[PDB]
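Colleague: Hey, dropping entry-v4.pdb in here, PDB, C-alpha atoms and all ligand atoms:
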ATOM      1  CA  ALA A   2      49.607  45.730  80.589  1.00  0.00           C
ATOM      2  CA  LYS A   3      50.179  49.387  81.479  1.00  0.00           C
ATOM      3  CA  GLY A   4      52.139  48.742  84.682  1.00  0.00           C
ATOM      4  CA  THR A   5      54.719  46.482  83.031  1.00  0.00           C
ATOM      5  CA  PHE A   6      56.651  49.337  81.397  1.00  0.00           C
ATOM      6  CA  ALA A   7      57.700  50.881  84.725  1.00  0.00           C
ATOM      7  CA  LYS A   8      58.666  47.395  85.938  1.00  0.00           C
ATOM      8  CA  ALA A   9      60.540  46.232  82.835  1.00  0.00           C
ATOM      9  CA  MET A  10      62.508  49.310  81.762  1.00  0.00           C
ATOM     10  CA  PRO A  11      64.840  49.465  84.819  1.00  0.00           C
ATOM     11  CA  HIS A  12      65.943  45.933  83.909  1.00  0.00           C
ATOM     12  CA  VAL A  13      66.573  47.066  80.325  1.00  0.00           C
ATOM     13  CA  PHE A  14      68.710  50.039  81.376  1.00  0.00           C
ATOM     14  CA  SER A  15      70.542  47.862  83.916  1.00  0.00           C
ATOM     15  CA  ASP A  16      71.280  45.159  81.330  1.00  0.00           C
ATOM     16  CA  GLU A  17      72.475  47.678  78.698  1.00  0.00           C
ATOM     17  CA  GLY A  18      74.904  50.008  80.429  1.00  0.00           C
ATOM     18  CA  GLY A  19      75.990  53.236  78.806  1.00  0.00           C
ATOM     19  CA  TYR A  20      77.830  53.874  75.550  1.00  0.00           C
ATOM     20  CA  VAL A  21      79.076  50.692  73.869  1.00  0.00           C
ATOM     21  CA  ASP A  22      80.953  50.892  70.565  1.00  0.00           C
ATOM     22  CA  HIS A  23      82.331  47.655  69.111  1.00  0.00           C
ATOM     23  CA  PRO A  24      83.042  48.661  65.487  1.00  0.00           C
ATOM     24  CA  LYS A  25      84.136  45.105  64.618  1.00  0.00           C
ATOM     25  CA  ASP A  26      80.509  44.056  65.374  1.00  0.00           C
ATOM     26  CA  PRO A  27      77.571  44.713  63.031  1.00  0.00           C
ATOM     27  CA  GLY A  28      74.943  47.150  64.275  1.00  0.00           C
ATOM     28  CA  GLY A  29      77.244  50.011  65.238  1.00  0.00           C
ATOM     29  CA  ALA A  30      77.517  51.962  68.456  1.00  0.00           C
ATOM     30  CA  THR A  31      74.734  52.102  71.041  1.00  0.00           C
ATOM     31  CA  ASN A  32      73.921  54.086  74.175  1.00  0.00           C
ATOM     32  CA  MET A  33      71.581  52.416  76.678  1.00  0.00           C
ATOM     33  CA  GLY A  34      70.792  50.009  73.844  1.00  0.00           C
ATOM     34  CA  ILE A  35      69.771  52.761  71.397  1.00  0.00           C
ATOM     35  CA  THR A  36      71.454  52.411  68.001  1.00  0.00           C
ATOM     36  CA  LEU A  37      72.434  55.190  65.624  1.00  0.00           C
ATOM     37  CA  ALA A  38      69.684  54.354  63.120  1.00  0.00           C
ATOM     38  CA  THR A  39      67.056  54.444  65.857  1.00  0.00           C
ATOM     39  CA  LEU A  40      68.240  57.842  67.104  1.00  0.00           C
ATOM     40  CA  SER A  41      68.281  59.022  63.488  1.00  0.00           C
ATOM     41  CA  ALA A  42      64.628  57.969  63.148  1.00  0.00           C
ATOM     42  CA  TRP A  43      63.798  59.959  66.285  1.00  0.00           C
ATOM     43  CA  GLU A  44      65.706  63.091  65.212  1.00  0.00           C
ATOM     44  CA  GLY A  45      64.520  63.074  61.585  1.00  0.00           C
ATOM     45  CA  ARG A  46      68.091  63.120  60.225  1.00  0.00           C
ATOM     46  CA  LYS A  47      71.174  60.893  60.120  1.00  0.00           C
ATOM     47  CA  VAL A  48      72.903  61.501  63.461  1.00  0.00           C
ATOM     48  CA  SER A  49      76.596  61.215  64.306  1.00  0.00           C
ATOM     49  CA  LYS A  50      78.313  58.807  66.688  1.00  0.00           C
ATOM     50  CA  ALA A  51      78.865  61.731  69.068  1.00  0.00           C
ATOM     51  CA  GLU A  52      75.101  62.301  69.182  1.00  0.00           C
ATOM     52  CA  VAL A  53      74.549  58.674  70.208  1.00  0.00           C
ATOM     53  CA  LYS A  54      77.307  59.046  72.808  1.00  0.00           C
ATOM     54  CA  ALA A  55      75.598  62.164  74.216  1.00  0.00           C
ATOM     55  CA  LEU A  56      72.102  60.584  74.285  1.00  0.00           C
ATOM     56  CA  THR A  57      70.240  61.345  77.516  1.00  0.00           C
ATOM     57  CA  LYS A  58      68.331  58.744  79.504  1.00  0.00           C
ATOM     58  CA  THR A  59      65.166  60.851  79.173  1.00  0.00           C
ATOM     59  CA  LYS A  60      65.315  60.721  75.377  1.00  0.00           C
ATOM     60  CA  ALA A  61      66.213  57.017  75.447  1.00  0.00           C
ATOM     61  CA  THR A  62      63.154  56.438  77.636  1.00  0.00           C
ATOM     62  CA  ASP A  63      60.901  58.353  75.230  1.00  0.00           C
ATOM     63  CA  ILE A  64      62.306  56.292  72.354  1.00  0.00           C
ATOM     64  CA  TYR A  65      61.685  53.004  74.164  1.00  0.00           C
ATOM     65  CA  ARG A  66      58.176  54.131  75.169  1.00  0.00           C
ATOM     66  CA  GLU A  67      56.987  55.519  71.817  1.00  0.00           C
ATOM     67  CA  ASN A  68      58.940  53.466  69.289  1.00  0.00           C
ATOM     68  CA  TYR A  69      59.005  50.066  70.984  1.00  0.00           C
ATOM     69  CA  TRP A  70      56.480  49.659  73.816  1.00  0.00           C
ATOM     70  CA  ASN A  71      53.733  51.552  71.963  1.00  0.00           C
ATOM     71  CA  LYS A  72      54.577  49.920  68.613  1.00  0.00           C
ATOM     72  CA  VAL A  73      53.892  46.475  70.117  1.00  0.00           C
ATOM     73  CA  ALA A  74      50.766  47.771  71.943  1.00  0.00           C
ATOM     74  CA  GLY A  75      52.353  46.902  75.274  1.00  0.00           C
ATOM     75  CA  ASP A  76      49.539  48.511  77.266  1.00  0.00           C
ATOM     76  CA  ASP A  77      47.040  46.177  75.610  1.00  0.00           C
ATOM     77  CA  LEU A  78      48.974  42.897  75.583  1.00  0.00           C
ATOM     78  CA  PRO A  79      48.526  40.536  78.556  1.00  0.00           C
ATOM     79  CA  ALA A  80      51.017  40.895  81.380  1.00  0.00           C
ATOM     80  CA  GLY A  81      54.161  38.925  80.586  1.00  0.00           C
ATOM     81  CA  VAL A  82      53.304  38.729  76.901  1.00  0.00           C
ATOM     82  CA  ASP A  83      53.984  42.476  76.830  1.00  0.00           C
ATOM     83  CA  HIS A  84      57.505  42.048  78.233  1.00  0.00           C
ATOM     84  CA  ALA A  85      58.423  39.148  75.943  1.00  0.00           C
ATOM     85  CA  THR A  86      57.255  41.135  72.917  1.00  0.00           C
ATOM     86  CA  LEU A  87      58.975  44.343  74.063  1.00  0.00           C
ATOM     87  CA  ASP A  88      62.401  42.749  74.434  1.00  0.00           C
ATOM     88  CA  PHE A  89      62.103  41.041  71.037  1.00  0.00           C
ATOM     89  CA  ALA A  90      61.078  44.438  69.641  1.00  0.00           C
ATOM     90  CA  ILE A  91      64.102  46.123  71.227  1.00  0.00           C
ATOM     91  CA  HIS A  92      66.472  43.495  69.821  1.00  0.00           C
ATOM     92  CA  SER A  93      65.005  43.028  66.330  1.00  0.00           C
ATOM     93  CA  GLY A  94      62.494  45.832  65.766  1.00  0.00           C
ATOM     94  CA  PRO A  95      58.787  46.072  66.581  1.00  0.00           C
ATOM     95  CA  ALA A  96      57.650  44.754  63.194  1.00  0.00           C
ATOM     96  CA  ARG A  97      59.611  41.496  63.434  1.00  0.00           C
ATOM     97  CA  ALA A  98      58.534  40.951  67.044  1.00  0.00           C
ATOM     98  CA  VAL A  99      54.844  41.522  66.264  1.00  0.00           C
ATOM     99  CA  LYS A 100      55.097  39.334  63.141  1.00  0.00           C
ATOM    100  CA  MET A 101      56.389  36.471  65.292  1.00  0.00           C
ATOM    101  CA  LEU A 102      53.678  37.047  67.899  1.00  0.00           C
ATOM    102  CA  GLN A 103      51.157  36.909  65.048  1.00  0.00           C
ATOM    103  CA  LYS A 104      52.702  33.642  63.828  1.00  0.00           C
ATOM    104  CA  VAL A 105      52.376  32.198  67.345  1.00  0.00           C
ATOM    105  CA  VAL A 106      48.705  33.171  67.764  1.00  0.00           C
ATOM    106  CA  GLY A 107      47.865  32.300  64.148  1.00  0.00           C
ATOM    107  CA  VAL A 108      46.967  35.549  62.366  1.00  0.00           C
ATOM    108  CA  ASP A 109      48.309  37.393  59.332  1.00  0.00           C
ATOM    109  CA  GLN A 110      51.885  38.545  59.964  1.00  0.00           C
ATOM    110  CA  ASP A 111      51.778  42.251  59.130  1.00  0.00           C
ATOM    111  CA  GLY A 112      53.838  43.532  62.075  1.00  0.00           C
ATOM    112  CA  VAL A 113      51.109  45.752  63.592  1.00  0.00           C
ATOM    113  CA  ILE A 114      48.745  44.887  66.457  1.00  0.00           C
ATOM    114  CA  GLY A 115      45.169  45.192  65.220  1.00  0.00           C
ATOM    115  CA  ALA A 116      41.810  43.796  66.270  1.00  0.00           C
ATOM    116  CA  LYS A 117      42.410  40.298  64.861  1.00  0.00           C
ATOM    117  CA  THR A 118      45.739  40.036  66.681  1.00  0.00           C
ATOM    118  CA  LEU A 119      44.309  41.177  70.027  1.00  0.00           C
ATOM    119  CA  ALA A 120      41.427  38.706  69.716  1.00  0.00           C
ATOM    120  CA  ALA A 121      43.740  35.761  68.999  1.00  0.00           C
ATOM    121  CA  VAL A 122      46.144  36.741  71.788  1.00  0.00           C
ATOM    122  CA  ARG A 123      43.315  36.878  74.327  1.00  0.00           C
ATOM    123  CA  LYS A 124      42.062  33.428  73.246  1.00  0.00           C
ATOM    124  CA  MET A 125      45.330  31.731  74.294  1.00  0.00           C
ATOM    125  CA  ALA A 126      47.028  31.232  77.640  1.00  0.00           C
ATOM    126  CA  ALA A 127      49.526  33.987  78.396  1.00  0.00           C
ATOM    127  CA  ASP A 128      52.368  31.736  79.543  1.00  0.00           C
ATOM    128  CA  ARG A 129      51.827  29.565  76.462  1.00  0.00           C
ATOM    129  CA  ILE A 130      52.166  32.659  74.256  1.00  0.00           C
ATOM    130  CA  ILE A 131      55.316  33.648  76.163  1.00  0.00           C
ATOM    131  CA  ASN A 132      56.949  30.235  75.743  1.00  0.00           C
ATOM    132  CA  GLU A 133      56.009  29.859  72.078  1.00  0.00           C
ATOM    133  CA  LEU A 134      57.149  33.391  71.195  1.00  0.00           C
ATOM    134  CA  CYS A 135      60.519  32.927  72.902  1.00  0.00           C
ATOM    135  CA  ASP A 136      60.952  29.578  71.110  1.00  0.00           C
ATOM    136  CA  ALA A 137      60.000  31.143  67.771  1.00  0.00           C
ATOM    137  CA  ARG A 138      62.489  33.937  68.485  1.00  0.00           C
ATOM    138  CA  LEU A 139      65.313  31.448  69.072  1.00  0.00           C
ATOM    139  CA  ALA A 140      64.427  29.539  65.901  1.00  0.00           C
ATOM    140  CA  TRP A 141      64.436  32.779  63.902  1.00  0.00           C
ATOM    141  CA  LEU A 142      67.761  33.993  65.329  1.00  0.00           C
ATOM    142  CA  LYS A 143      69.432  30.694  64.369  1.00  0.00           C
ATOM    143  CA  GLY A 144      68.775  31.526  60.710  1.00  0.00           C
ATOM    144  CA  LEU A 145      70.866  34.704  60.826  1.00  0.00           C
ATOM    145  CA  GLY A 146      74.487  34.743  59.730  1.00  0.00           C
ATOM    146  CA  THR A 147      75.347  36.628  62.922  1.00  0.00           C
ATOM    147  CA  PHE A 148      74.208  33.711  65.097  1.00  0.00           C
ATOM    148  CA  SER A 149      77.670  32.145  64.812  1.00  0.00           C
ATOM    149  CA  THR A 150      79.069  35.185  66.646  1.00  0.00           C
ATOM    150  CA  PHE A 151      76.254  36.275  68.984  1.00  0.00           C
ATOM    151  CA  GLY A 152      74.122  33.139  69.334  1.00  0.00           C
ATOM    152  CA  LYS A 153      75.284  31.980  72.758  1.00  0.00           C
ATOM    153  CA  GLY A 154      74.755  35.443  74.244  1.00  0.00           C
ATOM    154  CA  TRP A 155      71.429  35.767  72.420  1.00  0.00           C
ATOM    155  CA  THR A 156      70.357  32.399  73.845  1.00  0.00           C
ATOM    156  CA  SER A 157      71.145  33.605  77.365  1.00  0.00           C
ATOM    157  CA  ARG A 158      69.243  36.854  76.752  1.00  0.00           C
ATOM    158  CA  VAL A 159      66.098  35.027  75.604  1.00  0.00           C
ATOM    159  CA  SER A 160      66.260  32.713  78.622  1.00  0.00           C
ATOM    160  CA  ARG A 161      66.338  35.673  81.020  1.00  0.00           C
ATOM    161  CA  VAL A 162      63.506  37.403  79.144  1.00  0.00           C
ATOM    162  CA  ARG A 163      61.379  34.241  79.198  1.00  0.00           C
ATOM    163  CA  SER A 164      61.848  33.905  82.968  1.00  0.00           C
ATOM    164  CA  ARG A 165      60.955  37.521  83.739  1.00  0.00           C
ATOM    165  CA  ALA A 166      58.015  37.465  81.310  1.00  0.00           C
ATOM    166  CA  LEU A 167      56.476  34.352  82.873  1.00  0.00           C
ATOM    167  CA  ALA A 168      56.989  36.004  86.268  1.00  0.00           C
ATOM    168  CA  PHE A 169      55.231  39.200  85.133  1.00  0.00           C
ATOM    169  CA  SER A 170      52.413  36.992  83.802  1.00  0.00           C
ATOM    170  CA  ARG A 171      51.599  35.966  87.397  1.00  0.00           C
ATOM    171  CA  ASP A 172      52.263  39.367  89.015  1.00  0.00           C
ATOM    172  CA  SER A 173      49.018  40.298  90.772  1.00  0.00           C
ATOM    173  CA  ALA A 174      49.628  44.026  90.114  1.00  0.00           C
ATOM    174  CA  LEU A 175      49.594  43.557  86.324  1.00  0.00           C
TER     175      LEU A 175
HETATM  176  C1  LIG B   1      74.579  41.744  67.833  1.00  0.00           C
HETATM  177  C2  LIG B   1      73.323  42.368  68.432  1.00  0.00           C
HETATM  178  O1  LIG B   1      72.475  41.670  68.882  1.00  0.00           O
HETATM  179  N1  LIG B   1      73.167  43.802  68.451  1.00  0.00           N
HETATM  180  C3  LIG B   1      71.931  44.396  69.046  1.00  0.00           C
HETATM  181  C4  LIG B   1      71.260  45.350  68.136  1.00  0.00           C
HETATM  182  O2  LIG B   1      70.713  44.638  66.954  1.00  0.00           O
HETATM  183  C5  LIG B   1      71.584  44.361  65.877  1.00  0.00           C
HETATM  184  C6  LIG B   1      71.451  45.407  64.782  1.00  0.00           C
HETATM  185  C7  LIG B   1      71.169  42.988  65.363  1.00  0.00           C
HETATM  186  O3  LIG B   1      71.755  42.468  64.474  1.00  0.00           O
HETATM  187  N2  LIG B   1      70.032  42.315  66.002  1.00  0.00           N
HETATM  188  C8  LIG B   1      69.609  41.006  65.534  1.00  0.00           C
HETATM  189  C9  LIG B   1      68.869  40.280  66.640  1.00  0.00           C
HETATM  190  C10 LIG B   1      68.656  41.249  64.369  1.00  0.00           C
HETATM  191  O4  LIG B   1      67.489  41.339  64.576  1.00  0.00           O
HETATM  192  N3  LIG B   1      69.214  41.385  63.018  1.00  0.00           N
HETATM  193  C11 LIG B   1      68.352  41.632  61.870  1.00  0.00           C
HETATM  194  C12 LIG B   1      68.894  40.897  60.653  1.00  0.00           C
HETATM  195  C13 LIG B   1      67.776  40.553  59.670  1.00  0.00           C
HETATM  196  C14 LIG B   1      68.306  39.771  58.472  1.00  0.00           C
HETATM  197  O5  LIG B   1      69.531  39.478  58.411  1.00  0.00           O
HETATM  198  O6  LIG B   1      67.517  39.425  57.551  1.00  0.00           O
HETATM  199  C15 LIG B   1      68.356  43.122  61.560  1.00  0.00           C
HETATM  200  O7  LIG B   1      69.405  43.798  61.741  1.00  0.00           O
HETATM  201  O8  LIG B   1      67.309  43.673  61.124  1.00  0.00           O
HETATM  202  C16 LIG B   1      70.098  46.001  68.785  1.00  0.00           C
HETATM  203  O9  LIG B   1      69.628  47.074  67.935  1.00  0.00           O
HETATM  204  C17 LIG B   1      68.395  46.815  67.359  1.00  0.00           C
HETATM  205  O10 LIG B   1      68.609  46.269  66.009  1.00  0.00           O
HETATM  206  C18 LIG B   1      67.333  45.993  65.345  1.00  0.00           C
HETATM  207  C19 LIG B   1      67.562  45.368  64.003  1.00  0.00           C
HETATM  208  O11 LIG B   1      68.295  46.249  63.199  1.00  0.00           O
HETATM  209  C20 LIG B   1      66.532  47.296  65.217  1.00  0.00           C
HETATM  210  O12 LIG B   1      65.285  47.019  64.553  1.00  0.00           O
HETATM  211  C21 LIG B   1      66.273  47.855  66.558  1.00  0.00           C
HETATM  212  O13 LIG B   1      65.499  49.109  66.431  1.00  0.00           O
HETATM  213  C22 LIG B   1      67.519  48.090  67.323  1.00  0.00           C
HETATM  214  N4  LIG B   1      67.131  48.456  68.723  1.00  0.00           N
HETATM  215  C23 LIG B   1      67.353  49.759  69.337  1.00  0.00           C
HETATM  216  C24 LIG B   1      66.888  49.956  70.779  1.00  0.00           C
HETATM  217  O14 LIG B   1      67.872  50.657  68.752  1.00  0.00           O
HETATM  218  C25 LIG B   1      70.449  46.577  70.172  1.00  0.00           C
HETATM  219  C26 LIG B   1      69.199  46.939  70.912  1.00  0.00           C
HETATM  220  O15 LIG B   1      69.592  47.333  72.200  1.00  0.00           O
HETATM  221  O16 LIG B   1      71.182  45.644  71.036  1.00  0.00           O
HETATM  222  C27 LIG B   1      72.343  45.064  70.367  1.00  0.00           C
HETATM  223  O17 LIG B   1      73.243  46.064  70.109  1.00  0.00           O
END
Turn the structure described in the file into structure tokens.
Ligand SMILES: CC(=O)N[C@@H]1[C@@H](O[C@H](C)C(=O)N[C@@H](C)C(=O)N[C@H](CCC(=O)O)C(=O)O)[C@H](O[C@@H]2O[C@H](CO)[C@@H](O)[C@H](O)[C@H]2NC(C)=O)[C@@H](CO)O[C@@H]1O
Modeller:
Amino acid sequence: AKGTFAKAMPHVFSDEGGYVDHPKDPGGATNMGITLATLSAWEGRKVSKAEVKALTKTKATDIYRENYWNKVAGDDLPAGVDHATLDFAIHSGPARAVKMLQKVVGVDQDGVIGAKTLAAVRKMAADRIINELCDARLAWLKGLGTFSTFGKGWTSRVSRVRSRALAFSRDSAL
């Protein structure tokens, strides 16, 4: 739903903070959650750590809007489903998030929201989609080698996303 983006993104920026660089962790340095590879994709060239450190909130917002929200068709997903899919997309990429949403609603997992995906999403209850997608996300994260390091924090993140998504799903302005 269109109005979810303005509601969800302040929580993303709040939960992320500014520049975070833990070089002993995989993924590399981030600013407001934006990684170096994602900024490189935006700029059309491999950027430096200093460029990530200097990232503006305006550019971060454009990146989240165009390369995450729009790549999961957030405007067109049901309220709540949009938020659950967006956070998964932020954490693991839009293709993996949409593939898991497609697995939940029972369509071909190609990572892109098309007509068959929208039809199957709108045939199911929104809070059921939210719960099954967050469960499928947890099951998928447990297969990663990095789960031994980040799993407890990941589990807490999914729980908070599931709660806010189900809330958005019953927000009368969405
Ligand atoms: C420790 C931790 O959670 N760090 C994450 C960090 O994610 C690291 C790289 C990660 O490991 N995420 C796990 C969940 C994951 O999905 N790993 C698979 C492994 C597949 C396999 O092993 O087969 C992968 O890396 O693909 C994540 O950055 C996102 O990383 C995705 C995957 O790279 C990109 O698609 C996204 O565009 C990118 N988002 C933005 C806004 O830039 C960032 C977001 O704020 O917040 C934390 O810093």
Colleague: Pick out the residues sitting within 9 Å of residue 165 of chain A, and hand them over as a ChimeraX atom specification; count only C-alpha atoms, and ignore anything fewer than 6 positions along from it in its own chain.
Modeller: /A:9,81,84-85
Colleague: The selected residues should be written to file as a PDB file, in the coordinates of the input (atoms: C-alpha atoms).
Modeller:
ATOM      1  CA  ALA A   9      60.540  46.232  82.835  1.00  0.00           C
ATOM      2  CA  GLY A  81      54.161  38.925  80.586  1.00  0.00           C
ATOM      3  CA  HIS A  84      57.505  42.048  78.233  1.00  0.00           C
ATOM      4  CA  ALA A  85      58.423  39.148  75.943  1.00  0.00           C
TER       5      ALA A  85
END
Colleague: I need the output of the PyMOL selection byres (((chain A and resi 175) around 8) and not hetatm) for this file as a VMD selection string; which residues are they?
Modeller: chain A and resid 2 to 5 80 169 to 174
Colleague: I need the residue nearest ligand LIG 1 (chain B) from this list: A:50, A:58, A:97, A:124. Use only C-alpha atoms and all ligand atoms for the distance.
Modeller: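 Closest residue, counting only C-alpha atoms and all ligand atoms: A:97.
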Colleague: Using only C-alpha atoms and all ligand atoms, which residues have at least one atom no more than 6 Å from ligand LIG 1 (chain B)? Output them as a list in words.
Modeller: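 Based on only C-alpha atoms and all ligand atoms, ligand LIG 1 (chain B) is surrounded within 6 Å by residues 28, 34, 35, 36, 39, 91, 92, 93, 94, 145 and 151 of chain A.
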Colleague: Write out as a JSON list (two decimals) with C-alpha atoms, in the frame of the given file each polymer residue whose atoms come within 8 Å of residue 128 of chain A, counting all atoms listed in the file; drop sequence neighbours fewer than 2 positions from it.
Modeller:
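To be explicit, this is the file written out as selection.json:
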[["chain", "number", "residue", "atom", "x", "y", "z"],
["A", 81, "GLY", "CA", 54.16, 38.92, 80.59],
["A", 82, "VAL", "CA", 53.30, 38.73, 76.90],
["A", 126, "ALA", "CA", 47.03, 31.23, 77.64],
["A", 130, "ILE", "CA", 52.17, 32.66, 74.26],
["A", 131, "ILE", "CA", 55.32, 33.65, 76.16],
["A", 132, "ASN", "CA", 56.95, 30.24, 75.74],
["A", 167, "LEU", "CA", 56.48, 34.35, 82.87],
["A", 170, "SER", "CA", 52.41, 36.99, 83.80]]
Colleague: Which one is closest to residue 49 of chain A: A:136, A:110, A:68, A:29? Count only C-alpha atoms.
Modeller: A:29
Colleague: When you draw a straight line from atom CA of residue 113 of chain A to atom CA of residue 64 of chain A, how long is it in Å?
Modeller: 17.7 Å
Colleague: Could you pull the residues within 9 Å of residue 135 of chain A, counting only C-alpha atoms, minus those fewer than 6 positions along the same chain, as a PDB file with C-alpha atoms, in the frame of the given file?
Modeller:
ATOM      1  CA  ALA A  85      58.423  39.148  75.943  1.00  0.00           C
ATOM      2  CA  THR A  86      57.255  41.135  72.917  1.00  0.00           C
ATOM      3  CA  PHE A  89      62.103  41.041  71.037  1.00  0.00           C
ATOM      4  CA  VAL A 159      66.098  35.027  75.604  1.00  0.00           C
ATOM      5  CA  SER A 160      66.260  32.713  78.622  1.00  0.00           C
ATOM      6  CA  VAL A 162      63.506  37.403  79.144  1.00  0.00           C
ATOM      7  CA  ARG A 163      61.379  34.241  79.198  1.00  0.00           C
TER       8      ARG A 163
END
Colleague: Which polymer residues, protein or nucleic acid, are no farther than 10 Å from (57.8, 51.9, 81.6), counting only C-alpha atoms, as a list in words?
Modeller: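 Residues found, by chain and rising number: residues 3, 4, 5, 6, 7, 8, 9, 10, 11, 62, 63, 65, 66, 70, 75 and 76 of chain A.
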Colleague: Can you list, as a list in words, every protein, DNA or RNA residue that comes within 12 Å of residue 57 of chain A when you count only C-alpha atoms, leaving out same-chain residues fewer than 2 positions away?
Modeller: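 So the residues in contact are residues 19, 20, 32, 33, 34, 35, 40, 52, 53, 54, 55, 59, 60, 61, 62, 63 and 64 of chain A.
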Colleague: May I have the residues from that selection written out with C-alpha atoms, as a PDB file, in the coordinates of the input?
Modeller:
ATOM      1  CA  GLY A  19      75.990  53.236  78.806  1.00  0.00           C
ATOM      2  CA  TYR A  20      77.830  53.874  75.550  1.00  0.00           C
ATOM      3  CA  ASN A  32      73.921  54.086  74.175  1.00  0.00           C
ATOM      4  CA  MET A  33      71.581  52.416  76.678  1.00  0.00           C
ATOM      5  CA  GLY A  34      70.792  50.009  73.844  1.00  0.00           C
ATOM      6  CA  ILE A  35      69.771  52.761  71.397  1.00  0.00           C
ATOM      7  CA  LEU A  40      68.240  57.842  67.104  1.00  0.00           C
ATOM      8  CA  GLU A  52      75.101  62.301  69.182  1.00  0.00           C
ATOM      9  CA  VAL A  53      74.549  58.674  70.208  1.00  0.00           C
ATOM     10  CA  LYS A  54      77.307  59.046  72.808  1.00  0.00           C
ATOM     11  CA  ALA A  55      75.598  62.164  74.216  1.00  0.00           C
ATOM     12  CA  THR A  59      65.166  60.851  79.173  1.00  0.00           C
ATOM     13  CA  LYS A  60      65.315  60.721  75.377  1.00  0.00           C
ATOM     14  CA  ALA A  61      66.213  57.017  75.447  1.00  0.00           C
ATOM     15  CA  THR A  62      63.154  56.438  77.636  1.00  0.00           C
ATOM     16  CA  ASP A  63      60.901  58.353  75.230  1.00  0.00           C
ATOM     17  CA  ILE A  64      62.306  56.292  72.354  1.00  0.00           C
TER      18      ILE A  64
END
Colleague: Would you compute, for all listed atoms of segment 65-71 of chain A, the axis-aligned bounding box grown by 8 Å on each side, and then report its centre and edge lengths in Å rounded to one decimal, as JSON?
Modeller:
{"center_x": 57.7, "center_y": 52.6, "center_z": 72.2, "size_x": 24.0, "size_y": 21.9, "size_z": 21.9}
Colleague: What is the distance between atom CA of residue 44 of chain A and atom CA of residue 155 of chain A, in Å to one decimal?
Modeller: 28.8 Å
Colleague: I'd like the interatomic distance between atom CA of residue 37 of chain A and atom CA of residue 21 of chain A, to a tenth of an Å.
Modeller: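 Interatomic distance here is 11.5 Å.
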Colleague: Select, from A:121, A:127, A:140, A:73, the residue with the minimum atom-to-atom distance to residue 96 of chain A, counting only C-alpha atoms.
Modeller: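 The closest residue to residue 96 of chain A is A:73.
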Colleague: Which of these, A:168, A:142, A:134, A:120, has the shortest distance to residue 87 of chain A once you count all atoms listed in the file?
Modeller: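 Selected residue with least distance to residue 87 of chain A: A:134.
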Colleague: Which of these, A:90, A:27, A:112, A:107, has the shortest distance to residue 150 of chain A once you count all atoms listed in the file?
Modeller: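 Nearest candidate to residue 150 of chain A out of A:90, A:27, A:112, A:107: A:27.
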Colleague: A:71, A:157, A:103, A:164: which is nearest residue 119 of chain A, counting only C-alpha atoms?
Modeller: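 Checking each candidate against residue 119 of chain A, we get A:103 as the closest.
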